[PDB]
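Please read the structure below before turning to the comments.
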Amino acid sequence: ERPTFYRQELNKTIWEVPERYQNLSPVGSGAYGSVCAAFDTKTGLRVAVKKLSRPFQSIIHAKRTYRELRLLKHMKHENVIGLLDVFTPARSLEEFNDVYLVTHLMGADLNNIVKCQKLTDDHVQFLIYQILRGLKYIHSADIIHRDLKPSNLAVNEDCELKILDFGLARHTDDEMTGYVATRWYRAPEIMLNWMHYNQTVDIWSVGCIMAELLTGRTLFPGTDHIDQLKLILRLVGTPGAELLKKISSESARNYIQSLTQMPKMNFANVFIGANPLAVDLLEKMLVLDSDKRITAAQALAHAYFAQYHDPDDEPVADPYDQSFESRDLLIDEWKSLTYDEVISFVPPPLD
Ligand SMILES: Nc1ncccc1OCc1cccc2ccccc12
């Protein structure tokens, strides 16, 4: 049965949500979208409720709305955002116009724990173990996060971790310009558009994250794209002929060859005092040639995580059809597709 909704103005927009959800107040800072924290009286959980802004204004927006909902409906893993609820005040497709998504209230992200608290090597094991576990699941559904950084990683007081915010509304050229965390964790091949990328790009982001937990400092805080490439190549060495061949972007390949050849540095001298096993993993994550990176599944078996590795408890995802991605539909067609996904939503099992 359809619940009763109540209406309230919450920062310039009218939120219409089911009565179960009480005590809504704006959260983040406008940084996650229109997000409210709330109390869910049916489950006793503190939740974040996102109302999607103008979800069907264009074909791009309609498809994006469909994308996000699809993705969040699929994800059922301890180390990944799960969809608690999705709803609309609309009793029909004709009145359908707003989508609302509900997940667990985050509270703290990984910047908060790196900036404000001090991390033992065993915290870094556990934190990275969990990112890689959720990544194994995601990548097994041929999903690519593309935007892993500390700020879309939720951590609770027990240092338990979720991957959130698949970053779905891709970034503006301007958001990616200058001295910004939005670019510091990106694999070189996407930052500079060297080749058709793939899921190996997230492993690079993991390396950057792991180095910063170990050191307390950003691995490659470039003042811009080029300055950041320089930081990267200084640590990792300039590419060889093998990696150059793979760079499809003739222009990008011609630029790299302008640079003076540099050898890969000794990570034991970069990460002084670090656990040798941490250093060894880092060397295998932070590989310029992405074909040669350690995968999430290979990385879970790495000796650094022996404390936590259980191969009978590192699950894969059900198959994820994203054939819709290469599909050209009109606004109303995406919109109806979305509406059906709202209507078919089944809540997660109760404990
Ligand atoms: N979980 C959160 N807790 C506190 C603040 C932001 C959060 O995530 C914000 C967020 C990002 C992406 C999808 C979402 C879907 C529903 C609710 C929130 C969503």
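All residue names refer to the structure tokens as shown: chains lettered A, B, ... in order, residues numbered from 1 in each chain, ligands numbered from 1 in order.
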Tell me which protein, DNA and RNA residues are within 10 Å of residue 77 of chain A, counting only C-alpha atoms, leaving out same-chain ones fewer than 2 positions away, and put them as a PyMOL selection string.
chain A and resi 74-75+79-82+133-134+137-138+162-163+314-317
Mind listing the residues within 9 Å of ligand 1, only C-alpha atoms and all ligand atoms counted, as a ChimeraX atom specification?
/A:27-28,31-37,46-51,68-69,72,81-86,100-109,152,154,164-168
Just to be explicit: take each residue in the selection above, keep N, CA and C atoms, and write the result as a compact mmCIF listing (two decimals), in the first residue's frame.
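Generated output (result39.txt):
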```txt
# COMPACT_ATOMS: atom_id res chain seq x y z
N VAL A 27 21.84 18.50 4.95
CA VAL A 27 23.11 17.89 5.37
C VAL A 27 24.17 18.03 4.28
N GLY A 28 25.40 17.69 4.64
CA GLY A 28 26.56 18.02 3.82
C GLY A 28 26.78 19.52 3.86
N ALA A 31 26.80 19.98 -0.90
CA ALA A 31 27.92 19.25 -1.55
C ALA A 31 27.53 17.90 -2.15
N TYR A 32 26.51 17.24 -1.60
CA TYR A 32 26.04 15.94 -2.13
C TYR A 32 24.77 16.07 -2.97
N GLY A 33 24.35 17.31 -3.22
CA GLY A 33 23.05 17.61 -3.82
C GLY A 33 22.07 18.11 -2.76
N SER A 34 20.78 18.05 -3.09
CA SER A 34 19.74 18.22 -2.09
C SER A 34 19.67 16.95 -1.27
N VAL A 35 20.45 16.91 -0.18
CA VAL A 35 20.41 15.82 0.78
C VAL A 35 19.95 16.28 2.18
N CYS A 36 19.00 15.53 2.74
CA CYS A 36 18.59 15.70 4.13
C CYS A 36 18.95 14.49 4.96
N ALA A 37 19.38 14.74 6.18
CA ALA A 37 19.40 13.70 7.20
C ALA A 37 17.97 13.57 7.71
N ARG A 46 19.09 6.10 11.07
CA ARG A 46 19.34 7.47 10.67
C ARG A 46 19.81 7.36 9.25
N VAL A 47 19.20 8.15 8.39
CA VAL A 47 19.32 7.98 6.95
C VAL A 47 19.59 9.32 6.33
N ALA A 48 20.22 9.30 5.15
CA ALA A 48 20.26 10.46 4.26
C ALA A 48 19.26 10.22 3.11
N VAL A 49 18.48 11.26 2.81
CA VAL A 49 17.47 11.26 1.80
C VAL A 49 17.88 12.28 0.77
N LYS A 50 18.19 11.82 -0.44
CA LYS A 50 18.49 12.71 -1.56
C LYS A 50 17.29 12.88 -2.49
N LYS A 51 16.90 14.12 -2.72
CA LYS A 51 15.94 14.47 -3.73
C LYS A 51 16.72 14.92 -4.95
N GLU A 68 21.67 6.26 -12.19
CA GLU A 68 21.99 6.29 -10.77
C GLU A 68 21.10 5.34 -10.01
N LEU A 69 19.81 5.38 -10.32
CA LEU A 69 18.84 4.49 -9.73
C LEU A 69 19.15 3.02 -10.02
N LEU A 72 22.35 2.03 -7.92
CA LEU A 72 22.06 1.94 -6.50
C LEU A 72 21.15 0.75 -6.15
N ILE A 81 27.55 1.56 -0.67
CA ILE A 81 26.25 2.17 -0.45
C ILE A 81 25.17 1.18 -0.89
N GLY A 82 24.15 1.02 -0.05
CA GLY A 82 22.99 0.23 -0.38
C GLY A 82 21.79 1.16 -0.41
N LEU A 83 20.79 0.80 -1.21
CA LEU A 83 19.61 1.64 -1.35
C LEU A 83 18.63 1.14 -0.32
N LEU A 84 18.34 1.97 0.68
CA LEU A 84 17.30 1.65 1.68
C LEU A 84 15.89 1.81 1.13
N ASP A 85 15.69 2.84 0.34
CA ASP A 85 14.39 3.16 -0.18
C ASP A 85 14.53 4.07 -1.39
N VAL A 86 13.54 4.03 -2.28
CA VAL A 86 13.37 5.03 -3.33
C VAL A 86 11.88 5.28 -3.43
N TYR A 100 13.49 10.37 -5.11
CA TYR A 100 14.05 10.52 -3.79
C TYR A 100 14.71 9.22 -3.45
N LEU A 101 15.93 9.29 -2.96
CA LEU A 101 16.71 8.07 -2.68
C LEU A 101 17.11 8.12 -1.22
N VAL A 102 17.18 6.95 -0.59
CA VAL A 102 17.44 6.87 0.84
C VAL A 102 18.56 5.85 1.09
N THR A 103 19.59 6.27 1.83
CA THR A 103 20.60 5.36 2.31
C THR A 103 20.98 5.69 3.76
N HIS A 104 21.87 4.89 4.34
CA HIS A 104 22.37 5.11 5.71
C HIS A 104 23.07 6.47 5.83
N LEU A 105 22.86 7.16 6.95
CA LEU A 105 23.50 8.45 7.20
C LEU A 105 24.97 8.21 7.44
N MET A 106 25.81 8.88 6.65
CA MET A 106 27.26 8.66 6.68
C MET A 106 27.85 9.23 7.98
N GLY A 107 27.71 10.52 8.23
CA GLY A 107 28.36 11.07 9.44
C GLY A 107 29.82 11.48 9.28
N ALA A 108 30.72 10.52 9.05
CA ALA A 108 32.14 10.82 8.71
C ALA A 108 32.66 10.14 7.43
N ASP A 109 33.49 10.86 6.67
CA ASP A 109 34.16 10.31 5.48
C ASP A 109 35.62 10.07 5.82
N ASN A 152 34.25 10.37 -0.92
CA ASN A 152 33.14 9.44 -1.16
C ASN A 152 33.36 8.06 -0.54
N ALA A 154 32.72 6.48 3.18
CA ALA A 154 32.19 6.66 4.52
C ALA A 154 32.82 5.70 5.51
N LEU A 164 30.74 5.09 -1.44
CA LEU A 164 29.57 5.82 -1.90
C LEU A 164 29.85 6.65 -3.15
N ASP A 165 28.78 7.25 -3.63
CA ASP A 165 28.88 8.33 -4.56
C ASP A 165 29.75 7.88 -5.72
N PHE A 166 29.16 7.08 -6.59
CA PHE A 166 29.80 6.66 -7.80
C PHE A 166 30.05 7.85 -8.76
N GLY A 167 29.82 9.07 -8.24
CA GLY A 167 30.28 10.33 -8.84
C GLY A 167 29.48 10.65 -10.09
N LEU A 168 28.28 10.06 -10.17
CA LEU A 168 27.56 9.80 -11.44
C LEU A 168 27.44 10.97 -12.43
```
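In this comparison, which uses only C-alpha atoms, the residue of A:238, A:132, A:24, A:217 approaching residue 161 of chain A most closely is A:132.
Using only C-alpha atoms, the contacts of residue 245 of chain A at a cut-off of 12 Å, with sequence neighbours closer than 6 positions omitted, comprise residues 194, 195, 239, 252, 253, 254, 256, 257 and 289 of chain A.
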Go ahead and save the picked residues with N, CA, C and O atoms, as a compact mmCIF listing (two decimals), in the first residue's frame.
```
# COMPACT_ATOMS: atom_id res chain seq x y z
N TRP A 194 44.51 9.41 -22.25
CA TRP A 194 45.56 8.75 -23.03
C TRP A 194 45.00 7.62 -23.90
O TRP A 194 45.58 7.25 -24.94
N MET A 195 43.90 7.03 -23.45
CA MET A 195 43.38 5.82 -24.06
C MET A 195 42.02 5.55 -23.47
O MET A 195 41.69 6.07 -22.40
N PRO A 239 57.27 6.81 -18.91
CA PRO A 239 56.91 5.60 -19.65
C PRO A 239 57.99 5.06 -20.59
O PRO A 239 58.83 5.82 -21.09
N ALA A 252 48.91 13.54 -26.78
CA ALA A 252 49.32 13.21 -25.42
C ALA A 252 50.64 12.45 -25.42
O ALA A 252 51.51 12.77 -24.63
N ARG A 253 50.79 11.51 -26.34
CA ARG A 253 52.03 10.71 -26.49
C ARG A 253 53.23 11.53 -26.91
O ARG A 253 54.38 11.26 -26.50
N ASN A 254 52.99 12.51 -27.76
CA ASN A 254 54.02 13.45 -28.17
C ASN A 254 54.44 14.36 -27.01
O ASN A 254 55.62 14.65 -26.84
N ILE A 256 54.36 13.50 -23.69
CA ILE A 256 55.11 12.74 -22.68
C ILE A 256 56.56 12.60 -23.15
O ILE A 256 57.48 12.74 -22.35
N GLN A 257 56.74 12.33 -24.44
CA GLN A 257 58.08 12.18 -25.01
C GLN A 257 58.90 13.47 -24.99
O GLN A 257 60.09 13.43 -25.27
N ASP A 289 51.58 1.72 -16.43
CA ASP A 289 50.84 0.88 -17.38
C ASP A 289 49.73 0.10 -16.68
O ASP A 289 49.98 -0.83 -15.97
```
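Between residue 4 of chain A and the residues A:91, A:61, A:335, A:225, the shortest atom-to-atom distance, using only C-alpha atoms, involves A:91.
The list of residues with at least one atom within 10 Å of residue 233 of chain A, based on only C-alpha atoms and without residues fewer than 5 positions apart in the same chain, reads residues 188, 228, 238, 239, 256, 259, 261, 262, 263, 264, 265 and 288 of chain A.
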Based on the selection just made, write C-alpha atoms of those residues as a PDB file, in the first residue's frame.
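Final output, saved to selection21.pdb:
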```pdb
ATOM      1  CA  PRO A 188      46.981   9.440 -15.400  1.00  0.00           C
ATOM      2  CA  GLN A 228      50.393  16.549 -11.319  1.00  0.00           C
ATOM      3  CA  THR A 238      58.616   8.089 -17.286  1.00  0.00           C
ATOM      4  CA  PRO A 239      56.912   5.598 -19.654  1.00  0.00           C
ATOM      5  CA  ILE A 256      55.108  12.743 -22.682  1.00  0.00           C
ATOM      6  CA  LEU A 259      59.847  15.031 -20.862  1.00  0.00           C
ATOM      7  CA  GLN A 261      63.479  10.279 -18.876  1.00  0.00           C
ATOM      8  CA  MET A 262      63.205   9.469 -15.176  1.00  0.00           C
ATOM      9  CA  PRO A 263      63.552   6.156 -13.365  1.00  0.00           C
ATOM     10  CA  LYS A 264      61.000   4.850 -10.857  1.00  0.00           C
ATOM     11  CA  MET A 265      62.055   5.868  -7.318  1.00  0.00           C
ATOM     12  CA  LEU A 288      51.909   3.602 -14.916  1.00  0.00           C
TER      13      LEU A 288
END
```
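For the residues A:13, A:53, A:177, A:58, ranking by smallest atom-to-atom distance to residue 329 of chain A using only C-alpha atoms places A:58 first.
When atom CA of residue 176 of chain A is paired with atom CA of residue 227 of chain A, their separation reads 13.3 Å.
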Using only C-alpha atoms, find each residue in segment 180-227 of chain A having at least one atom no more than 8 Å away from segment 277-282 of chain A; report its shortest atom-to-atom pair and that distance in Å (one decimal), rows by chain then rising number, as a tab-separated table.
```
residue	atom	partner	partner_atom	distance
A:207	CA	A:282	CA	5.8
A:210	CA	A:282	CA	7.8
A:211	CA	A:282	CA	7.5
```
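Here atom CA of residue 283 of chain A stands at a distance of 17.7 Å from atom CA of residue 230 of chain A.
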How would you write, as a ChimeraX atom specification, the set of residues in segment 38-167 of chain A that DSSP gives as strand (DSSP E)?
/A:38-40,45-51,85-87,100-104,153-155,161-163
Selection export as a PDB file, in the first residue's frame, atoms kept: C-alpha atoms:
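Printed below is out_32.pdb as written:
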```pdb
ATOM      1  CA  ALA A  38      16.294  12.142   8.713  1.00  0.00           C
ATOM      2  CA  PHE A  39      15.024   9.627  11.198  1.00  0.00           C
ATOM      3  CA  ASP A  40      13.304   6.513   9.737  1.00  0.00           C
ATOM      4  CA  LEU A  45      17.901   4.019  11.217  1.00  0.00           C
ATOM      5  CA  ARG A  46      19.340   7.471  10.669  1.00  0.00           C
ATOM      6  CA  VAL A  47      19.319   7.982   6.949  1.00  0.00           C
ATOM      7  CA  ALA A  48      20.256  10.456   4.265  1.00  0.00           C
ATOM      8  CA  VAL A  49      17.469  11.258   1.801  1.00  0.00           C
ATOM      9  CA  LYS A  50      18.491  12.710  -1.563  1.00  0.00           C
ATOM     10  CA  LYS A  51      15.938  14.469  -3.731  1.00  0.00           C
ATOM     11  CA  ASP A  85      14.386   3.157  -0.185  1.00  0.00           C
ATOM     12  CA  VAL A  86      13.366   5.034  -3.332  1.00  0.00           C
ATOM     13  CA  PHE A  87      10.060   6.878  -3.694  1.00  0.00           C
ATOM     14  CA  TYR A 100      14.053  10.515  -3.786  1.00  0.00           C
ATOM     15  CA  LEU A 101      16.706   8.073  -2.683  1.00  0.00           C
ATOM     16  CA  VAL A 102      17.443   6.871   0.838  1.00  0.00           C
ATOM     17  CA  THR A 103      20.604   5.355   2.313  1.00  0.00           C
ATOM     18  CA  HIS A 104      22.374   5.111   5.709  1.00  0.00           C
ATOM     19  CA  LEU A 153      34.311   6.839   1.367  1.00  0.00           C
ATOM     20  CA  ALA A 154      32.189   6.657   4.524  1.00  0.00           C
ATOM     21  CA  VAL A 155      33.763   5.436   7.736  1.00  0.00           C
ATOM     22  CA  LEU A 161      33.844   1.534   5.469  1.00  0.00           C
ATOM     23  CA  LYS A 162      31.484   2.020   2.509  1.00  0.00           C
ATOM     24  CA  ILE A 163      32.139   3.156  -1.072  1.00  0.00           C
TER      25      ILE A 163
END
```
Nearest to residue 90 of chain A by atom-to-atom distance, counting only C-alpha atoms, from A:345, A:179, A:339, A:184
A:339
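Between atom CA of residue 338 of chain A and atom CA of residue 66 of chain A the interatomic distance comes to 5.1 Å.
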Do you know which residues are at most 12 Å from residue 334 of chain A counting only C-alpha atoms, after dropping those on the same chain fewer than 3 positions away, and could you put them as a ChimeraX atom specification?
/A:55-67,69-70,93,324-325,327-331,337-341
I need the helix (DSSP H, G or I) residues of segment 145-265 of chain A per DSSP on the backbone, written as an MDAnalysis selection string.
chainID A and resid 150:152 181:184 188:191 200:215 225:236 241:246 250:256
Okay, now the selection with N, CA and C atoms, as a short mmCIF file (atom, residue, chain, number, x, y, z; two decimals), in the first residue's frame?
```
data_model
loop_
_atom_site.label_atom_id
_atom_site.label_comp_id
_atom_site.auth_asym_id
_atom_site.auth_seq_id
_atom_site.Cartn_x
_atom_site.Cartn_y
_atom_site.Cartn_z
N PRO A 150 38.94 10.02 -0.85
CA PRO A 150 38.52 9.93 0.55
C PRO A 150 37.11 10.46 0.89
N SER A 151 36.62 11.43 0.12
CA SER A 151 35.36 12.11 0.40
C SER A 151 34.11 11.34 -0.03
N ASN A 152 34.25 10.37 -0.92
CA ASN A 152 33.14 9.44 -1.16
C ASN A 152 33.36 8.06 -0.54
N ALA A 181 41.28 18.50 -4.96
CA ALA A 181 41.17 17.09 -4.61
C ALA A 181 40.41 16.31 -5.64
N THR A 182 39.56 16.99 -6.41
CA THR A 182 38.80 16.34 -7.50
C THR A 182 39.68 15.65 -8.55
N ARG A 183 40.97 16.00 -8.65
CA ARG A 183 41.88 15.41 -9.66
C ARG A 183 43.05 14.59 -9.07
N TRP A 184 43.41 14.84 -7.81
CA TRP A 184 44.59 14.23 -7.17
C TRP A 184 44.65 12.69 -7.12
N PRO A 188 46.46 8.58 -14.34
CA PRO A 188 46.98 9.44 -15.40
C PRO A 188 46.28 9.29 -16.75
N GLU A 189 45.85 8.08 -17.07
CA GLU A 189 45.28 7.79 -18.37
C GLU A 189 43.91 8.43 -18.55
N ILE A 190 43.15 8.63 -17.47
CA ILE A 190 41.93 9.47 -17.54
C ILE A 190 42.18 10.98 -17.42
N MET A 191 43.01 11.38 -16.46
CA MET A 191 43.32 12.79 -16.24
C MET A 191 43.70 13.47 -17.55
N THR A 200 40.80 -0.64 -13.97
CA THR A 200 42.15 -0.50 -13.38
C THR A 200 42.41 0.90 -12.85
N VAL A 201 41.71 1.90 -13.40
CA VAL A 201 41.78 3.29 -12.91
C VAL A 201 41.44 3.44 -11.40
N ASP A 202 40.46 2.70 -10.92
CA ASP A 202 40.16 2.68 -9.46
C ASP A 202 41.31 2.15 -8.62
N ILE A 203 42.12 1.25 -9.15
CA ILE A 203 43.22 0.71 -8.34
C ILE A 203 44.27 1.78 -8.08
N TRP A 204 44.49 2.62 -9.10
CA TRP A 204 45.35 3.78 -9.00
C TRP A 204 44.85 4.68 -7.88
N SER A 205 43.56 4.98 -7.89
CA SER A 205 42.95 5.80 -6.85
C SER A 205 43.22 5.17 -5.48
N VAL A 206 43.05 3.86 -5.35
CA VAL A 206 43.39 3.14 -4.09
C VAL A 206 44.83 3.37 -3.64
N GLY A 207 45.80 3.24 -4.54
CA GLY A 207 47.20 3.57 -4.21
C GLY A 207 47.39 4.95 -3.61
N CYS A 208 46.88 5.98 -4.32
CA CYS A 208 46.90 7.37 -3.84
C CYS A 208 46.29 7.53 -2.44
N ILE A 209 45.16 6.85 -2.21
CA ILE A 209 44.48 6.84 -0.89
C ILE A 209 45.30 6.16 0.19
N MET A 210 45.79 4.97 -0.13
CA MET A 210 46.63 4.22 0.78
C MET A 210 47.93 4.96 1.18
N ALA A 211 48.61 5.59 0.22
CA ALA A 211 49.80 6.38 0.52
C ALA A 211 49.48 7.51 1.50
N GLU A 212 48.30 8.11 1.39
CA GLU A 212 47.90 9.27 2.21
C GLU A 212 47.49 8.86 3.65
N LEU A 213 46.97 7.65 3.80
CA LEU A 213 46.75 7.06 5.12
C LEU A 213 48.05 6.71 5.83
N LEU A 214 49.03 6.29 5.04
CA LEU A 214 50.33 5.93 5.56
C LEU A 214 51.09 7.18 5.99
N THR A 215 51.02 8.23 5.18
CA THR A 215 51.81 9.46 5.38
C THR A 215 51.06 10.63 6.02
N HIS A 225 47.04 19.90 -14.01
CA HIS A 225 47.12 18.61 -14.64
C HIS A 225 48.55 18.28 -14.91
N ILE A 226 49.29 19.26 -15.41
CA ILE A 226 50.67 19.04 -15.86
C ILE A 226 51.61 18.92 -14.68
N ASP A 227 51.55 19.89 -13.77
CA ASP A 227 52.25 19.72 -12.52
C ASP A 227 51.97 18.35 -11.90
N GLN A 228 50.72 17.87 -11.94
CA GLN A 228 50.39 16.55 -11.32
C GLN A 228 51.02 15.34 -12.06
N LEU A 229 51.04 15.39 -13.39
CA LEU A 229 51.76 14.40 -14.20
C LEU A 229 53.22 14.37 -13.79
N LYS A 230 53.82 15.54 -13.60
CA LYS A 230 55.21 15.60 -13.20
C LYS A 230 55.43 14.91 -11.85
N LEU A 231 54.61 15.22 -10.85
CA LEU A 231 54.64 14.50 -9.57
C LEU A 231 54.57 13.00 -9.77
N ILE A 232 53.62 12.56 -10.57
CA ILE A 232 53.44 11.12 -10.82
C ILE A 232 54.69 10.47 -11.43
N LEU A 233 55.20 11.05 -12.50
CA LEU A 233 56.32 10.47 -13.22
C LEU A 233 57.62 10.52 -12.42
N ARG A 234 57.75 11.51 -11.56
CA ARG A 234 58.87 11.58 -10.67
C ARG A 234 58.94 10.34 -9.75
N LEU A 235 57.81 9.97 -9.15
CA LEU A 235 57.74 8.76 -8.31
C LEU A 235 57.89 7.47 -9.11
N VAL A 236 57.17 7.42 -10.21
CA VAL A 236 56.85 6.16 -10.89
C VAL A 236 57.73 5.91 -12.15
N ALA A 241 58.69 2.50 -24.12
CA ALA A 241 58.12 2.38 -25.46
C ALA A 241 56.87 1.54 -25.49
N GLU A 242 56.83 0.55 -24.59
CA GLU A 242 55.68 -0.33 -24.48
C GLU A 242 54.40 0.42 -24.08
N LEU A 243 54.49 1.24 -23.03
CA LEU A 243 53.35 2.04 -22.59
C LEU A 243 53.04 3.15 -23.60
N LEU A 244 54.06 3.71 -24.26
CA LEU A 244 53.82 4.76 -25.26
C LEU A 244 52.96 4.24 -26.41
N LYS A 245 53.34 3.11 -27.00
CA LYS A 245 52.52 2.43 -28.03
C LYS A 245 51.02 2.40 -27.66
N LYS A 246 50.73 2.05 -26.41
CA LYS A 246 49.33 1.95 -25.91
C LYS A 246 48.56 3.28 -25.82
N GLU A 250 47.70 10.63 -29.91
CA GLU A 250 48.96 11.02 -30.56
C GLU A 250 49.56 12.27 -29.90
N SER A 251 48.69 13.21 -29.57
CA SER A 251 49.06 14.49 -28.99
C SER A 251 49.65 14.30 -27.60
N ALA A 252 48.91 13.54 -26.78
CA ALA A 252 49.32 13.21 -25.42
C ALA A 252 50.64 12.45 -25.42
N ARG A 253 50.79 11.51 -26.34
CA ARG A 253 52.03 10.71 -26.49
C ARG A 253 53.23 11.53 -26.91
N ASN A 254 52.99 12.51 -27.76
CA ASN A 254 54.02 13.45 -28.17
C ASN A 254 54.44 14.36 -27.01
N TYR A 255 53.47 14.80 -26.20
CA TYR A 255 53.83 15.55 -24.99
C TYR A 255 54.70 14.76 -23.95
N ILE A 256 54.36 13.50 -23.69
CA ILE A 256 55.11 12.74 -22.68
C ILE A 256 56.56 12.60 -23.15
#
```
Measuring atom to atom with only C-alpha atoms, identify which of A:284, A:136, A:171, A:54 is nearest to residue 97 of chain A.
A:54
